[PDB]
There are 2 protein chains.
Amino acid sequence: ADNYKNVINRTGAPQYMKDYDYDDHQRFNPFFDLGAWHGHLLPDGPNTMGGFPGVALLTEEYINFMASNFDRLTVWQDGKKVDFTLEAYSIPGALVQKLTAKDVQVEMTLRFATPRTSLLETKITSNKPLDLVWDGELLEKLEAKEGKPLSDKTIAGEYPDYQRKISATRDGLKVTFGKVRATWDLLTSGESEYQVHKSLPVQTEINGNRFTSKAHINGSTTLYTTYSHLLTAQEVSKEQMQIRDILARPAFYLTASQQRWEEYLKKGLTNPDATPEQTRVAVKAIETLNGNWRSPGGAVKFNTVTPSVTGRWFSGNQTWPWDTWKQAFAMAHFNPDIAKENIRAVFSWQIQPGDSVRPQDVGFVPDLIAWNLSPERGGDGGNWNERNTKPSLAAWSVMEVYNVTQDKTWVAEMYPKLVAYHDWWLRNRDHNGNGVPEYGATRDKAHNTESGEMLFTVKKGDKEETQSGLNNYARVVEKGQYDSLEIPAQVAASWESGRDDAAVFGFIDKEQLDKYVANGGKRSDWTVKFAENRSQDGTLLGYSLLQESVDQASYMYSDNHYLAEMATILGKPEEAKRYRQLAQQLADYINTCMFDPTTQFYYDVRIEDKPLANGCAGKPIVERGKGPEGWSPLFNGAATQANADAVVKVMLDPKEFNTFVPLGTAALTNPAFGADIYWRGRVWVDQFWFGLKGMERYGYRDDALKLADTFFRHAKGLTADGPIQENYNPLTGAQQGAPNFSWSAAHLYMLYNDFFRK
Amino acid sequence: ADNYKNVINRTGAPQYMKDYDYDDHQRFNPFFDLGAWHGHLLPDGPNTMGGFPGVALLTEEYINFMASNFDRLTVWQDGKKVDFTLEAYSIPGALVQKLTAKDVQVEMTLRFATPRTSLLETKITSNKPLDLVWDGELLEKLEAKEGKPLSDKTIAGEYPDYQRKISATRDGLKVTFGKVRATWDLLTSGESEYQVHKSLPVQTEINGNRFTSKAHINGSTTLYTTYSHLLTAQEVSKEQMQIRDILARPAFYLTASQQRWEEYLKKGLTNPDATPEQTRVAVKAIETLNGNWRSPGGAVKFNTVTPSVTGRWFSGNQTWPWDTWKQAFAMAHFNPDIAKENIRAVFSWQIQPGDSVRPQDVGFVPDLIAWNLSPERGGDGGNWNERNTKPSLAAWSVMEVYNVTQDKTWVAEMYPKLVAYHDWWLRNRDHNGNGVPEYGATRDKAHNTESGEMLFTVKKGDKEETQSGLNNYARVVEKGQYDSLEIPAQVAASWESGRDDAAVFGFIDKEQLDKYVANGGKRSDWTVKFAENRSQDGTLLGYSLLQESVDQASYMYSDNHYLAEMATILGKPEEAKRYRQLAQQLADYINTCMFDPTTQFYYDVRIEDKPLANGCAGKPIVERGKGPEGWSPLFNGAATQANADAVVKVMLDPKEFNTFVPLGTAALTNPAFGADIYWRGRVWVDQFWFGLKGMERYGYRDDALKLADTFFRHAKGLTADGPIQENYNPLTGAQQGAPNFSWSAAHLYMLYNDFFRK
Ligand SMILES: [Ca+2]
Ligand SMILES: [Ca+2]
């Protein structure tokens, strides 16, 4: 671990609870481990030297800073303060700082000991007795963006019930917090606490929101301190015995952390052809993913991994299916225990028969689960969402854990859950019943009235009229006399696709649409019709875009392929043959229906009023341009060799996808292309890797290696010490997105192992 | 009428269907009369000379231009066009233009003949034979704002089904229109037509959207032409016999129009002490109101008057109660037949027992009625609104008609309808049941769910959350952890008050609010709580602001006061005694509860959690500042002399309301004051006149006369030829609002009658 110092800049001295960057994400990168609910930063100068500033608290679903300096050590001799020089750095699994002075030296090492407690070793070297002083102060200011205050609002003024208080204890001190149910900002139980326990007797003076503690030592000695963020009264009670254990045998906990991390690196850094710089990227990915891992909390009874511990809306233990599949696929190779847990977390809330909220969605996996359940399920959580799910690469992910562990009991455990999810797609996301799914949405309070009528708002100029009923919707779409049409259910469908702004789903701005029509196209070519899915008895099951997506179909091909393998592993030959048959049928549909012989590429197809003579639901939507979904059949292995050869030529074309940073979310030729548009131009690491793997699968590994090299040389900040983000401008390589982004980290790790090299 | 040429500039050559000003109103002022559904403009120069350009069609609920030049005459002799010099002007009730040449002259007079037809007299004087040519062309461009096109969209491109078509006929030509149901822009039945009939045979050639008609005359001759905009097949059939009668006795129709207008002027201009300039303003008001008068159309079976025939959202026959009361009050003095009809139109849709939509609203008068009924009543109209009503000055208006006509049958006719409306307020707009109504909203699809749960949206940052249920609402308001709360029913309540952005109703911008709090005030001081009103058996009747408005209480005083007067006139002494008692109780409440001695003014009171010891629902809301409602008790006669004396001192204070243009919608001292804010500073003619009348009622006629003079000398454009608008900046006198605004015209006329003097 010592070979990788400061892979990510973890220094910082927060002055606001919400010390955000331009996109509302915490602008510092705290160290979290063991799935804990609090993190720490490194001192950035004389003002924070002696402690690890920026205590970051994960308040159920958000990350909020508690203080800048807190338990910062200063040393005194003969009544005079010792003058230290600072050296601070992070390593995978720990924060370290060394203070050097003539007669006194201090070496502090901070590692995590339990899912709720971090351990600080303060090794003091001194030839004479000394007086120690620790100080701390809770933050007062509420919000800032890029170092500048957004307002003069204070934490206490904004949250009168927070009522933070510092109290002395028999072996340290604790901060207590009142109950705050700020749905989108701060969530506490009224029983949460931040505790500080120490190995020596200390003298504490509390002055409101600041404190000063003193202690006298006789000479060189090593003290131990535990820091714990406990979210409930039960957690507080349970942790006490652990804290006692930690202080009694601190060496065991330091060693356990050290060995655990040596193992992550040993198991994960498996590419001997990688350069030191490329290996460092892999380590950054490992640090990022492990930092985003959260232990069980609230409604989530399993360890999980979120998109970003520092993200505005991705913190706490908020978990999404899409992210989980890629996260677990990567983590299977270095932290398999958590990879498995993350998958379990998502499936733990899979809809069961007789569900109290949506019995018509058996097998469904929620878009978002978190500490707090939605009001529909008895909680007060505002994030918990069941309006949609995400593209399914669940089987792919489960199989990867097996590839590494060869644990058949893991397959036995997950198989029935994967089958239930697989079956749900076919019942609730197959409007025309041809076995090829569509992205869509569920029946929900945000999508329809009490009686089941689909809600929608028509916008024209400054007029906004809300209506309901599929019939009325049909009439409105026909006339097309509106500037825009907002359908909550269709918005949810865009979320279900994983690319809510992609051109293929009808997203194009006025400027682009005008040019399109000016070139001979019709604005109606961009209208994606919507439909409801009802059972044979008339029961509303959900909704579907009247369009079948080629990536969706390819993921379904993958699902069947892996389910067939699992069935074989479990000794279920007949089920294996069925899935093998389902896979073949999907491959044939993908190749016959979604491949356009003329443009030599794959596209989505509309579910037209009547199917084509060949049985296809509709023709490929070539007019909306080419996108990454085009190589989904290659990545998933549904493509024929000839069609793959054709797609690869387009991918390598500099006028299409072979840009400064290759394989973006829309070809340069796409009418809705935008170099800065998230899903209509920007390059995402997952789609990029899918592309290279698809290329490799059909015999083009040499070309994939070339594109990977281009990516390594052009993707901005790759070899720097900044946090991992979400995407890149394809022309400039400039980064955008939330810092410490999990799925980017996951695919960067995959790239390191599969395509990066000297 | 000849003494008033060009009172309003009616010249113009529209080049767009929507030739709008900066606020989306048609930038020209077409001549409309007899309640017809089409209007004409005067030629602006050589380009339009020979015809009356800018055919304006009232397409059910909107005003849309059809063409610039249409049926424009040019005269030819020996193949050479006769060169004419132009003279054109409008007079009350007619448009006139004269073309002068050496040996040829043409005199054209255009007046309206029926509620669907205008008549043009073309008198040609010539010493030699001549070849006549009439030409026209339909507009092509869709929209522009003050001359600058808003896009390159064409009419046909925007409305593919409009399919305008010109066809030749044996006696002229016609333009037919396809069926267009563009709710917010253009409404046609698919059977509407614009017909041109002439007294002399002409050969018409059609070329796409343009036409040319030719005829040869042997010398001086006078021809007659009729122009008719017919909106339905039935109207088309019915008008034919009218056109025949018109062409058989053209001079009789011209005379009838002339006489009708001489009568309007004789009846209306009765102030012998007015200056020529002040009289001209009265004439402009008369022309404006008569132009906004519409004959029966669609669902409205009575003649009515709209806020503005040229308004973006006030055209067609859209009618509101608030406007109607003031419109009829003024029109009683010159066009009483239509004043009565306007009142009848509003009450024709008053809710009756057993109503199919809102049986719980018997007596209720809709906020907006128009050609097309709402979908809830079987139509496809989007304007028809029953989410709320308007302040009630219905009795006051009905009484003015009686004061002029002395027709007791009129009072007998309206009395029961007024009584029903009176009773509705007490049942559905008195949340705490103390007999003092509040402004509120009805049960509506836009306000609540099918089960009757009140809808509302909570906004925090970029997060929006639509919830339902009064209990949930109460909680949200208690926590106050939001930036804004959007409640459809409360929005409708602001519409019912007639001042949707008034300070007293909680409307204040961030800057102003931050300043208020910085000065020691509480932000919650501007929070107006809301409540539902339910009957004994639990039926939802509607909603009420938890606030009793002083103007509302004063209008209820007025209602009872005038009903008592009517009961006496109708010989119902016991009913009179009851209304007198109710009026008395309201006056006592207004004087005891809403008057604040300290600031010498009246204010709304909150309906506090518990009433005050004296029985008042709450303390006057003095902290939100003073507004025009403060003198409502004076205008309506509810104030005691002592309280009136106090209020008048504040009104005449230049640091409060006695500004450049006096008596605006918010005192200069109001914390939410804004010189350009419609309801928080701007001066409206109705509130101004209410103030002068209130002043006069309590002995201050001298001061009211002075303010009237100040208004006449300071209100911008008053003596110019521009159309009447909505309001004025109190500091500069600058105008804003829809052109040809009815209620401003109504009150300007009242000012002419009551206070304007030499
Ligand atoms: Ca399908
Ligand atoms: Ca009341």
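Basis: the model, the stated rules and, where named, an outside source; no laboratory read-out is quoted. Note that each Cβ is placed from the backbone with ideal geometry, even for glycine, and that neighbours are counted across all protein chains shown.
When A:556, A:566 are checked against the criterion of being aliphatic (A, V, I, L, M) and either within 14 Å of chain B (Cβ to nearest Cβ) or within 16 Å of ligand 1 (Cβ to nearest atom) (or both), a single residue qualifies: A:556. Of the helices (runs of 4 or more DSSP H) lying entirely inside the range A:497-599, those carrying at least 2 residues that are polar (S, T, N, Q) are A:550-569, A:573-589. Being within 28 Å of the chain's Cα centre (by Cα) and of a type in the set (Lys, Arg) is the filter; apply it to the range B:172-202 and report the residue that is farthest from the other protein chains (Cβ to nearest Cβ). The selected residue is B:179. Being surrounded by 19 or more Cβ atoms within 10 Å (Cβ to Cβ), more than 30 Å from residue A:478 (Cα to Cα) and of a type in the set (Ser, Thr, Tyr) holds for only one residue in B:228, B:237, B:220, and it is B:228.
Across the range B:431-478, the number of residues qualifying as within 16 Å of ligand 2 (Cβ to nearest atom) and under 12 Å from residue B:543 (Cβ atoms) comes to 5.
Residue A:450 passes all but one of (1) away from ligand 1 (no atom under 16 Å from the Cβ); (2) acidic (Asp, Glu); (3) touching a helix residue (DSSP H, G or I) at 6+ places or on another chain (Cβ under 8 Å); which number fails? Going through (1) away from ligand 1 (no atom under 16 Å from the Cβ); (2) acidic (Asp, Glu); (3) touching a helix residue (DSSP H, G or I) at 6+ places or on another chain (Cβ under 8 Å) one by one, residue A:450 breaks only (3). Within the range A:236-255, restricting attention to residues that are under 26 Å from residue A:317 (Cβ atoms) and either assigned by CATH to the domain that holds residue A:753 or without any contact (Cβ under 8 Å) to a residue 40 or more places away in the chain (or both), the residue that is nearest to the chain's Cα centre (by Cα) is A:238. In the set B:600, B:581, B:641, B:585, only one residue is in the same structural domain as residue B:529 (by CATH) and touching a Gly at 6+ places or on another chain (Cβ under 7 Å); that residue is B:585. The condition (being more than 14 Å from chain A (Cβ to nearest Cβ), under 30 Å from the mean Cα position of the chain (by Cα) and within 16 Å of ligand 2 (Cβ to nearest atom)) is satisfied by just one residue among B:672, B:667, B:638: B:638. Residue A:408 falls short on exactly one of the conditions (1) surrounded by fewer than 21 Cβ atoms within 10 Å (Cβ to Cβ); (2) away from ligand 1 (no atom under 16 Å from the Cβ); (3) within 25 Å of residue A:543 (Cα to Cα), and that condition is (3). Evaluate the range A:276-284: report whether one residue or more is free of Cβ contacts under 8 Å to residues at least 40 places away in the same chain, more than 18 Å from the chain's Cα centre (by Cα) and more than 22 Å from residue A:30 (Cβ to Cβ). Looking through the range A:276-284, at least one residue is free of Cβ contacts under 8 Å to residues at least 40 places away in the same chain, more than 18 Å from the chain's Cα centre (by Cα) and more than 22 Å from residue A:30 (Cβ to Cβ). For the range A:422-439, filtering for residues that are within 23 Å of residue A:477 (Cα to Cα) and more than 10 Å from ligand 1 (Cβ to nearest atom) leaves 1. For the range A:100-108, the criterion of being among the basic types (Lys, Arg) and under 19 Å from residue A:202 (Cβ atoms) is met by none of the residues. Residue-level check: of (1) within 21 Å of residue B:243 (Cβ to Cβ); (2) free of Cβ contacts under 8 Å to residues at least 40 places away in the same chain; (3) polar (S, T, N, Q), residue B:154 misses just (1). Is there a residue in the range B:459-477 that is closer than 30 Å to residue B:630 by Cα, touching a residue at least 40 places away in the same chain (Cβ under 8 Å), not assigned by CATH to the domain that holds residue B:438 and not acidic (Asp, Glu)? Yes, the range B:459-477 has at least one match.
For the range B:260-278, which residues satisfy the criterion of being closer than 28 Å to residue B:710 by Cβ and either part of a helix (DSSP H, G or I) or aliphatic (A, V, I, L, M) (or both)? Once the filter is applied, which keeps residues that are closer than 28 Å to residue B:710 by Cβ and either part of a helix (DSSP H, G or I) or aliphatic (A, V, I, L, M) (or both), the range B:260-278 yields B:265, B:268, B:269, B:274, B:276, B:277, B:278. So, in the range B:110-148, how many residues would count as being within 14 Å of chain A (Cβ to nearest Cβ) and of a type outside the set (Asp, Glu)? Final tally of qualifying residues: 2.
Checking each residue in the range B:700-758 for being in contact with a helix residue (DSSP H, G or I) (Cβ under 7 Å, 6 or more places away or on another chain) and aliphatic (A, V, I, L, M) picks out B:704, B:707, B:708, B:718, B:724, B:745, B:746, B:748, B:750, B:751. Filtering the range A:421-473 to residues that are assigned to a loop (DSSP other than H, G, I, E, B), touching a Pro at 6+ places or on another chain (Cβ under 9 Å) and within 14 Å of chain B (Cβ to nearest Cβ) leaves A:444, A:446, A:447.
The C-beta contact set for the range B:362-381 (first residue at negative phi and not assigned by CATH to the domain that holds residue B:293, second residue of a type in the set (A, V, I, L, M) and part of a loop (DSSP other than H, G, I, E, B), distance under 6 angstrom, 6+ apart or interchain) is empty.
None of A:303, A:290, A:335 is touching a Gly at 6+ places or on another chain (Cβ under 7 Å) and not aliphatic (A, V, I, L, M) except A:303.
Can you tell which of A:451, A:356, A:392 is hydroxyl-bearing (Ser, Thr, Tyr) and surrounded by 22 or more Cβ atoms within 10 Å (Cβ to Cβ)?
A:392
Do we find a residue being among the β-branched types (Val, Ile, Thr) and either free of Cβ contacts under 8 Å to residues at least 24 places away in the same chain or under 21 Å from residue B:310 (Cβ atoms) (or both) anywhere in the range B:685-708? Scanning the range B:685-708 turns up at least one residue that is among the β-branched types (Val, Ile, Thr) and either free of Cβ contacts under 8 Å to residues at least 24 places away in the same chain or under 21 Å from residue B:310 (Cβ atoms) (or both).
Quick check: anything in the range B:474-483 within 30 Å of residue B:681 (Cβ to Cβ), crowded, with 16+ Cβ neighbours inside 10 Å, more than 14 Å from chain A (Cβ to nearest Cβ) and among the aromatic types (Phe, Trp, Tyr)? Looking for residues that are within 30 Å of residue B:681 (Cβ to Cβ), crowded, with 16+ Cβ neighbours inside 10 Å, more than 14 Å from chain A (Cβ to nearest Cβ) and among the aromatic types (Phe, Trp, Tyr), one finds none in the range B:474-483, hence no. The number of residues in the range A:370-406 being farther than 30 Å from residue A:185 by Cβ and out of contact with any helix residue (DSSP H, G or I) (no Cβ under 8 Å at 6 or more places or on another chain) comes to 2.
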